[PDB]
Amino acid sequence: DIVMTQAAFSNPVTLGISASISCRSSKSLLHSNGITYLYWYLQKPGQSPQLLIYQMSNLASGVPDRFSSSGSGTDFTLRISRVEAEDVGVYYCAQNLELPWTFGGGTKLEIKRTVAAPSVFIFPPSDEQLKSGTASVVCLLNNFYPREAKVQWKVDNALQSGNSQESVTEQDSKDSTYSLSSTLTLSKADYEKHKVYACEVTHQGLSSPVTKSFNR
Amino acid sequence: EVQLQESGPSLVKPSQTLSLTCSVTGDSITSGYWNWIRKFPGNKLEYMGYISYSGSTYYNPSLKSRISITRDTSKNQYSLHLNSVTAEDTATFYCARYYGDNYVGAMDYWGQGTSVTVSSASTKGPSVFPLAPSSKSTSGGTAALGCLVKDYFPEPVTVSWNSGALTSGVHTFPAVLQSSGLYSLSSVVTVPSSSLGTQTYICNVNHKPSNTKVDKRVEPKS
Ligand SMILES: CCC(=O)N(c1ccccc1)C1CCN(CCc2ccccc2)CC1
């Protein structure tokens with residue numbers, strides 16, 4: 001019934017330092033019996049949540065000794081010593097001093113690695129898709145950091161205001177990069193009105209915008 | 001250790017009752033406490049309730065009027081029923097074990113989670129299109145190729161490559177709703193350029209809600 005609050009959406013950190021993720025509760029989690037009913041869970045990309053720490057001071061089985069919980073009463077911190085690339089994921093605090101269990105909104109741990117430019121790849125539509133009356137053009141930005149990137153579609157040098165959408169991977173657990181797709185979809189009739197299809201990419205690691213294009 | 005597996009429909013119509021089942025192996029549900037939690041699309045977690053080793057039940061007061069939990073001890077399964085659902089109930093639903101007592105314990109083992117979407121729309125299976133490798137998708141000795149998995153409903157879809165033999169360099173992007181209200185995603189892989197001459201690349205796509213299952217060979221293009 002207690003409100004659990006994790007003010008930060010994300011916590012960027014460099015490798016090898018101690019990270020700290022904050023959690024606050026609306027009432028003390030300390031029982032008269034001396035136990036603080038605070039828990040920490042981690043949800044790594046693509047996995048279910050997993051228990052890290054239970055009742056403030058106990059490590060779950062299999063969890064490395066680099067995780068510890070500090071604070072008292074209503075203000076707590078999860079500390080991760082010597083952060084590793086594989087630590088990325090969403091960290092949730094939780095309590096069960098009073099039922100129901102309640103959870104913080106999560107804080108995503110992010111590795112600050114060196115800036116890395118995207119490799120930009122472009123895929124024209126398949127004959128199979130065209131035979132069905134639509135054309136999807138896919139621009140791929142592979143293995144870059146930071147996550148922020150601008151992808152613009154230009155058709156015969158005309159900037160496109162719509163008809164595209166993006167998807168971004170979670171930060172990779174091994175190389176700390178992101179990848180991104182931008183997909184432009186047109187009717188086959190509209191696709192065949194134009195010649196040159198191009199995605200123009202802006203990113204911290206590029207000294208100027210990069211365009212990859214093909215001629216239909 | 002203990003293994004928990006959620007099952008049930010991936011799509012439920014609004015106003016209907018949603019029912020899910022958690023199958024437990026490696027432990028008996030006649031000891032401990034057995035929980036349901038859900039994760040909303042924006043990552044907020046909500047505890048729903050538990051059924052105890054004795055069959056007694058606890059429900060989150062915010063949900064008490066809409067939920068029932070049941071069990072079948074012979075099958076070592078327990079179930080969640082959520083009444084009168086709306087799109088506000090769309091979430092990933094988890095079962096999880098609580099080990100311990102009123103004094104000391106934790107929710108330790110969670111299931112893998114199962115997606116449930118609340119909509120009156122009919123299921124739709126994906127079209128699977130090749131993303132063909134070409135010089136437009138290569139950098140030196142590295143080539144990218146993939147599969148576009150387009151116009152399906154609801155989540156989830158699973159994608160593998162060469163029946164799981166190819167995992168290095170694979171990115172399967174999160175599905176994103178299109179302006180049609182249907183999902184689309186690509187799965188891509190980066191491979192040595194030279195391999196394109198003798199290695200075949202096949203994406204395996206499985207969309208269980210619509211009974212669509214497709215293997216698509218991805219050939220080089222000029
Ligand atoms: C999922 C089950 C669950 O989380 N719990 C549970 C466990 C057994 C039976 C009923 C509910 C909570 C466990 C922690 N306690 C802390 C409160 C407290 C502290 C000291 C002495 C007595 C009570 C609250 C209930």
Side-chain angles (χ1 to χ4, degrees), chain A residues 1-4 23-43 48-61 69 71-74 76 92-104, chain B residues 1-6 20-24 26-39 44-64 66-71 73 76-82 91-111 113:
Chain A
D1 185 19
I2 303 165
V3 169
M4 302 293 281
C23 177
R24 299 140 38 196
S25 57
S26 57
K27 323 173 190 174
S28 180
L29 303 185
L30 177 60
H31 194 278
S32 56
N33 66 6
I35 297 183
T36 302
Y37 284 83
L38 172 75
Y39 306 78
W40 292 98
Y41 292 88
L42 165 60
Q43 184 158 36
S48 303
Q50 75 176 92
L51 179 65
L52 297 176
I53 290 170
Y54 61 100
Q55 301 180 313
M56 159 140 290
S57 59
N58 306 285
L59 282 166
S61 59
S69 193
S72 295
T74 61
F76 319 92
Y92 297 93
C93 59
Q95 68 82 37
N96 73 340
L97 177 71
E98 312 182 8
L99 293 180
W101 280 76
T102 56
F103 298 84
Chain B
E1 41 196 23
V2 347
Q3 199 155 78
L4 298 83
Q5 177 74 72
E6 301 82 353
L20 300 176
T21 299
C22 182
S23 298
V24 179
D27 196 9
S28 161
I29 64 176
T30 60
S31 34
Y33 295 75
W34 296 93
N35 308 270
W36 285 102
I37 309 97
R38 62 180 167 175
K39 187 174 68 118
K44 298 296 141 271
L45 287 165
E46 174 180 53
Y47 186 77
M48 302 185 82
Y50 72 64
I51 184 156
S52 79
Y53 60 93
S54 72
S56 70
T57 56
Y58 169 83
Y59 308 123
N60 190 326
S62 76
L63 292 167
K64 199 175 159 310
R66 280 213 301 147
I67 181 192
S68 300
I69 296 171
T70 62
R71 65 175 190 172
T73 55
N76 210 48
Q77 301 176 342
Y78 63 111
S79 297
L80 171 72
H81 311 285
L82 177 68
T92 297
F93 290 73
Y94 294 96
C95 55
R97 184 184 78 164
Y98 175 89
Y99 178 77
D101 52 40
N102 202 10
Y103 208 99
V104 172
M107 278 196 298
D108 48 6
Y109 295 86
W110 294 53

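Side chains are part of it too, since the values below use all heavy atoms of this structure and drop only hydrogens, waters and symmetry mates. Reminder, nothing fancy here: chain letters follow the sequence lines and each chain counts from 1. Counting starts at 1 for both ligands and their atoms, in listed order.
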Exercise for the section: Answer with yes or no whether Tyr47(B) contacts ligand 1, where contact means a heavy atom under 4.0 Å from a ligand atom. Expected result: yes
Practice task
Please work out which of the three classes, parallel, tilted or perpendicular, describes the rings of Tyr39(A) and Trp101(A), given edges at 30° and 60°.
Solution key: tilted
Exercise for the section: Check whether any N or O atom of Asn33(A), backbone or side chain, sits under 3.5 Å from an N or O atom of ligand 1, and answer yes or no. Expected result: no
Exercise for the section: Find all atoms of ligand 1 within a distance of less than 4.0 Å from any non-hydrogen atom belonging to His31(A), and give their numbers and elements. Expected result: 19 (C), 20 (C)
Exercise for the section: Compute whether any side-chain donor of one residue and acceptor of the other, for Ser25(A) and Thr74(A), lie under 3.5 angstrom apart. Expected result: no
Exercise for the section: State, to 0.1 Å, how close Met4(A) and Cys93(A) come at their nearest heavy-atom pair, and which atoms those are. Expected result: CE-SG, 3.9 Å
Handout entry: Intermediate values then yes/no, side-chain contact (heavy atoms from CB on, under 4.5 Å), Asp27(B) and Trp34(B)
Key = CA-CA 11 Å; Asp27(B) 196 9; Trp34(B) 296 93; 3.7 Å; yes
Exercise for the section: Work out which heavy atom in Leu63(B) is nearest to a heavy atom in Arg38(B); give both atom names and the distance. Expected result: CD2-NH2, 3.5 Å
Practice task
Check each of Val104(B), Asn35(B), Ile51(B) against atom 1 (C) of ligand 1 and report the one with the nearest heavy atom.
Solution key: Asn35(B)
Practice task
Could you tell me the residue and atom name of the protein heavy atom closest to atom 9 (C) of ligand 1, and the distance to it rounded to 0.1 Å?
Solution key: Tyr33(B) OH, 3.2 Å
Problem - Heavy-atom gap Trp101(A) to ligand 1 smaller than 4.0 Å - result: yes
Problem - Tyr37(A) contact mode with ligand 1 (heavy-atom cut-off under 4.0 Å) - result: side chain
Exercise for the section: Compute the ring centroids of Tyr33(B) and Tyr50(B), then answer whether they are less than 6.0 Å apart. Expected result: yes
Handout entry: Shortest non-hydrogen contact from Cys23(A) toward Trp40(A)
Key = CB-CH2, 3.6 Å
Completion exercise
A student comparing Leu97(A), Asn102(B), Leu29(A) should find that the heavy atom closest to atom 6 (C) of ligand 1 comes from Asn102(B)
Exercise for the section: Write out the residue and atom name of the closest protein heavy atom to atom 10 (C) of ligand 1, then the distance separating them to 0.1 Å. Expected result: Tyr50(B) OH, 3.6 Å
Handout entry: Test of proximity, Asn96(A) against ligand 1: N or O pairs below 3.5 Å
Key = yes
Exercise for the section: Run the numbers for me: atoms of ligand 1, each under 4.0 Å from some heavy atom of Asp101(B), listed by number. Expected result: 7 (C), 8 (C), 13 (C)
